[PDB]
Every structure is written in structure tokens, then in C-alpha cells.
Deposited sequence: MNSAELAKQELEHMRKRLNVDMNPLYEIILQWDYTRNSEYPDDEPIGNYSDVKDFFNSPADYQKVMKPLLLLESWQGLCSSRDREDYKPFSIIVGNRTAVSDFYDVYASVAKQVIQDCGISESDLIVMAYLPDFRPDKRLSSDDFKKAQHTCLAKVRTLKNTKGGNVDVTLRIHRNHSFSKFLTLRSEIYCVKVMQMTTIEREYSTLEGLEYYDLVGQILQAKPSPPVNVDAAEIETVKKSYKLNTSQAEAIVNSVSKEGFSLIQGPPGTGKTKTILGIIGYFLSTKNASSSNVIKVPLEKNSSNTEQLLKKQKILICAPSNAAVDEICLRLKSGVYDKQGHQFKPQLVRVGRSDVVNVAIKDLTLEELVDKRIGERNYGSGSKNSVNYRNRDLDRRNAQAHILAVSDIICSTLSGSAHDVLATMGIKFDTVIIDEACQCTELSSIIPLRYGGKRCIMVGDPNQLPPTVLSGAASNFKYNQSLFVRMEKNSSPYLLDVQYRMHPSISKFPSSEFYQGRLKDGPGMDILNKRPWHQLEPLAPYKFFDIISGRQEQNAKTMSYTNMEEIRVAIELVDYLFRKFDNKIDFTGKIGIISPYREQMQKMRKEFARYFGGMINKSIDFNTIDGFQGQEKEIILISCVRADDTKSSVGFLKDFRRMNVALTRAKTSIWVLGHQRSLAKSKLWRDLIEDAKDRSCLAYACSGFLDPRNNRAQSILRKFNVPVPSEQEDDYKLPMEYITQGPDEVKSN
């Protein structure tokens, strides 16, 4: 019939109650030494299931894991963050629900120096034997007998450079006995609660989401049938390859969830730009003038960096189905981490500044003008870009706008609730673009990750459906892309035209500095001095032969699965080369290097159980083998690695391709008779 229940469900999704969240959190013990926030039985926790039967099933599984990650965040900030303590003067209190709203006073300079905002959780402590003689730290709170968690409800500036503070604590907390009028109480910030609150809002309002069925079942929509002429038109107009054009056309033509899988360098973001252009143009091409809200698209990413790259690349305009450029109105919701004028000019706050001018350079008028400008800018916008968390912001929540189409870049680098956040505005189509063949997003709680909390909705859905694969990479030398393609993509991952030309480098003319090489080192620990020495000698030969013609600044990375081996590698490289390699070589583990790339990559394999273990090794190898663009030199012991199918496949592929060389310390030295004898007798 007429579904005003859409408006009712929108209201439900946008107004989730946080009091149940703080009923739990405000009873926690800041001083607790445990992976877990309480002593409930371990069986209360369970793995994230491939398939959920109901929103209640989903919530029963997910809420403990969300709270566990939150607890681990508390612990991390307690044991590391070194937040600066302060003190407050207590006043009256008000009983609200299962809470006490305690009013207090603190200086504005202290609020600013300690970084306290209305989004912060803090811990209070009673330390009557403290004297200003000593410096106060969060260790004093960690070891205190009487502590209490409090949420910063309200911060209001007063006249004399002070701030009225409203803090919320739990009714049941005995610490209230110390909150007598005009008492001095010591405090320190624990953590800012915005992300936890937004994910909790999503988790609890899930049952009113339009795509709740597809989310619970991890089951994207079935493919519809699309016109080959349409795919060709998109290909030509947007200057894409066939896989990208197909992904765009299909994912836009259907509603529900769509998965686009992009291996390294296959054009995930370019395809998203094409999606934006195509969607907006085909949507604009559908007795007194009726007033309608303008169609918008929501573009989200897990991190500010990805959102900012999307914005920067959108500044060149988008294209319609016929290939003609148009410039839709773009708004970046939320301030970014880095400073850049090009991104700053797109932020909602800067757009409001420019729309209102110097008229209010009186305070009521200033706030009213800012609010009206915000409303108008958001109403006339075409594209809304944000982080997955930032999509839950009040500025979007008060637009009165349904965002029926949400696109997510880097969709594998976020938790499931985080990816679900932006669907609260009536989302009926969600196109997630990602690379599942990487390491899962990092979570603070090892236990939570052991319960598979570090798994993205993209991956959980990939279990049940085949994504639209982008199958041409535009980064790596063909000798470097060869084995990744054959080993992970059925030999169907293609190279862009001229990768051999683009990634041809002078040192390629000198053996063994080839584009692709496995060095079998002829010589139960997690380090290998001989691999380290061979890496040193390779880099030394490269430098000696070319660093008077080539600047190796930022050209080289060295990675290994094991941080012990990487520590030893950095130490030995520092000793051998001095400081002159600081700007030439990055050192990291395969995990820590996941988002980086170099022209030259050296891998120290060192050495090579379960399905989880094979999955982690599969992802690590996918990452490691795609970090280089022009040259990759894989150092390892063949017998120490061949117990792994992946490594044996790699070594035997290198053999078949004549890309295996035998190596030991001094193998590049013609005068080293010992090393040359070791080589010759092989």
C-alpha cells in the first residue's frame, strides 16, 4: 500500500538508544588486568557465523565482540596512550534512568590541553594522599583502589574561562560516595566513544535496515540481464576495460548488494568514478512545477586517506553515458587527517564558510546562518563522500534524505558493522569494491579476532557468491605478475598494455638484478643471517653499479613474515650501509607493508597447519608478491620452504621459467673462492 513505515523505520535506525551501551560500559573496571571486560563464561562468546538466522541471532553474536574490542581499546589507551590527567570540582547530581548526571567545573585551558570533548569516556579516581609534589599519570589510575568510568555528556563554556561539565556515571557505582559537593576528583581520558556508538547504533537498529536479509545471509543479489551494447557504450565513454564496464553496468542495473573484486592495480577507484558518473547520468535521465529532493549517491571508505583519494580524483569531473564531462556538486563530510587545500575546499565546513562570507565577523545570527547554509549545500549536493563511520554524522542524519545507493571503496579493510553503518538512510543498493586477498583489517583485541570479528562483510558474502572481477593490472612488470596470476586467479589476471616498457629498468640488464628472481640460499628459528647477508650484497651490487646514475630514494622495500627477522635485517643493513640508506630502504613485515609499494622489493622468507593458517599464508603471499613494480627478489631456503604448497609452487615455477638463482654470502664476488666453489659445486 502506502509505506510510511519507511519513515518509521528511518526514525528507528537514526534514533537508537545508547543508554543500554553505557549501562554495560559504565560498570566496567578501569583497573582490570584481563583480555575480557568481565568474568562471564567464555562460552558466552562465539564465532561470527557464515549465516545468521535473525537480527537477534546476529546481535547475540556481535554485541559481545563489539564490547570486547571496546574493552581492548580501553586497555590500550590505559597502558600506552599516556593521556594527561586533570582534576574537576564536583557540584550537584541528578538521577536519570540507571545513571547519575554529575555536574562539575573545570578550566577551559585544561579541557583544551587534555583534549576532552563531549564524545569522550573518562575515568575518575579518588586519590586523597596525592600531593602536587609528584606528576600524575594514568598509571596512578590503573593502580588506584577507587576508580569509576564516566561519560562526558555536556561541555558548556561559561564566563570566566571555565566549563560546566555534565558527566554520566552508573547509579550502582559505589564511587558516588566520593562525589560530595565541592570535592576535588582526579580524572583522565580513556577513549573517544564516537565509533563505538555508531557501530552500536547500526548493530541494534539492524532489524529495520532495508538490506537486513542480504546482510544476515551474506547473500548478494542475483545477476540481472544487461545489454551488451550498454556495456560497450560504457567501455568506450569511460575509457575502461571490459571487466570494469561489466561490473559498473551490472552492479548499477541491479538493486541489493554487489561485490566488485579488484586485485592490486586493477582500477577499483577508477571503476568507482565510472559508477558515480554512470549512476548520476542515468538517474538524471529518469501542471505547476513540483518540488523534489535531488538524487544523491553516498560514497564511503574505511579511512580518511581513501575518502580523500576519491575526492581528489572526483575534482576532475565525472562523465555521462555518452562520454561528456559534467561537474556534479561534491561534499566531503568530516574534516580529514592530512592538510590539503584541494580537499579542504570540498569539506562541508569550508563550503559553509564560503557560502556565508564575512557577514557575521550576532552569535545567534552566526549559528542560524551556518545551519541554513549547511542545509542548502547538502540539499543541492550530488555526491556525499565520507568514512564509513563519518556517514553516521548528524549533518547527514538531519538531511531528511534517503541515500538509496551507497558505494564502498576498500570494502575489505573494515569490520562488518562499520561497512553496514552508511545503509541507515534507506540504502537499497550497496556496491562494495575491495580486494579480499589481503590480510584482514587490524583489530586491537586478539580474542575478538580469534572469534572472526576482523572479517569484512565483503569476505563473508564472498563465501556465497562470485564477485565481478577486475582482471587487468596496471602496476607490475609481467614477470612479476605472472606467478600471482597463475597461482591465485587461474591465470586470468591480465597485464595492461606496455607493463614491460613501463617497468623496464637499467639494472635489469645485470644478472641477477632481474625483474623477477628467486634466490635459493645454499647454507626452529624465525631469523636467517644468510638471507640477510644475501640481501645486503644484492643491494650493495645495485648501488655500486647504478647510484651514480639513479637516485634510489624511496625505491626499495624489504619485507619478511617475521618481525624478528625484520629487526635483524634493519640492524644489519644499518651497520653495513650507515645512515645513507635511510631514505632508500623501507623495512617492514609483510603485514606492516600491506598498503605500500616500491619499485624494488626484497623478501626474506626465512622458513615455512590448519585452514585458518593456510588462509593467512595465502593472504600474506598475495600481499608480498604484489608489493614491487619493477623488480622482486625472493630470498629463501628451498628445503625450508617446500613444506608449503604455495612456496613449492613458487620455487618450481621460478625453475620452469629459468628465474631461480643459487646464492650465498659472496656469490656476487668473482674473487671469493669459497663462495664461488659453493656455487660451482651446484
In sequence order, what intervals of the deposited sequence carry no C-alpha positions?
1 to 4, 291 to 304, 380 to 387, 550 to 558, 644 to 646, 721 to 749
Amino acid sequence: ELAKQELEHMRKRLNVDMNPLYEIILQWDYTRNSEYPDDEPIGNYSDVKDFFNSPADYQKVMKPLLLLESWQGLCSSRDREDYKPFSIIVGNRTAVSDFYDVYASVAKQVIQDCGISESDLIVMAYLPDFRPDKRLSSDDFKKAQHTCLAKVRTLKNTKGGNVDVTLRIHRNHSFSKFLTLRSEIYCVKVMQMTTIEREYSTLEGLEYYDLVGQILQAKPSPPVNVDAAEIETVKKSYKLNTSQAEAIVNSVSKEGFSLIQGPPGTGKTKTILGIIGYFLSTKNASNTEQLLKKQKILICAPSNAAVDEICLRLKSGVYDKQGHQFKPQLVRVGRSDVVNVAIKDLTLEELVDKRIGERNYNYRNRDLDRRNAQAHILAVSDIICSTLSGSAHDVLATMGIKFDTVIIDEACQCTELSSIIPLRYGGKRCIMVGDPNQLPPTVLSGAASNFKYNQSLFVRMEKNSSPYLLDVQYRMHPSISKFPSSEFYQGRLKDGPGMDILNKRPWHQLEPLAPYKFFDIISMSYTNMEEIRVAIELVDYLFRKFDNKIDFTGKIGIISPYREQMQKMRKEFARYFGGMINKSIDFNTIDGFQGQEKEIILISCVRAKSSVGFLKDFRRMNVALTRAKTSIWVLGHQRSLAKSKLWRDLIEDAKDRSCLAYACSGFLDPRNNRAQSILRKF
From here on, numbers count along this sequence of modelled residues.
For 540 to 548 versus 101 to 109, entry-based mean Cα B-factors point to 101 to 109
Look up the CA B-factors in the entry and say which stretch, 334 to 342 or 593 to 601, has the higher mean.
334 to 342
Using the temperature factors in the entry, find which of 390, 267, 161, 205 has the highest value at its Cα atom.
161
Out of 468, 516, 425, 186, whose C-alpha atom has the biggest B factor in the entry?
186
What third of the chain, by the recorded C-alpha B-factor, contains residue 524?
highest
Residue 309 by Cα B-factor - lowest, middle or highest third of the modelled chain:
lowest
Chain-wide C-alpha B factor ranking for residue 232, given as lowest, middle or highest third
highest
Residue 634 - which third its CA temperature factor falls in, relative to the rest of the chain:
middle
Just say lowest, middle or highest third for the CA B-factor of residue 659 relative to the other modelled residues in its chain.
middle
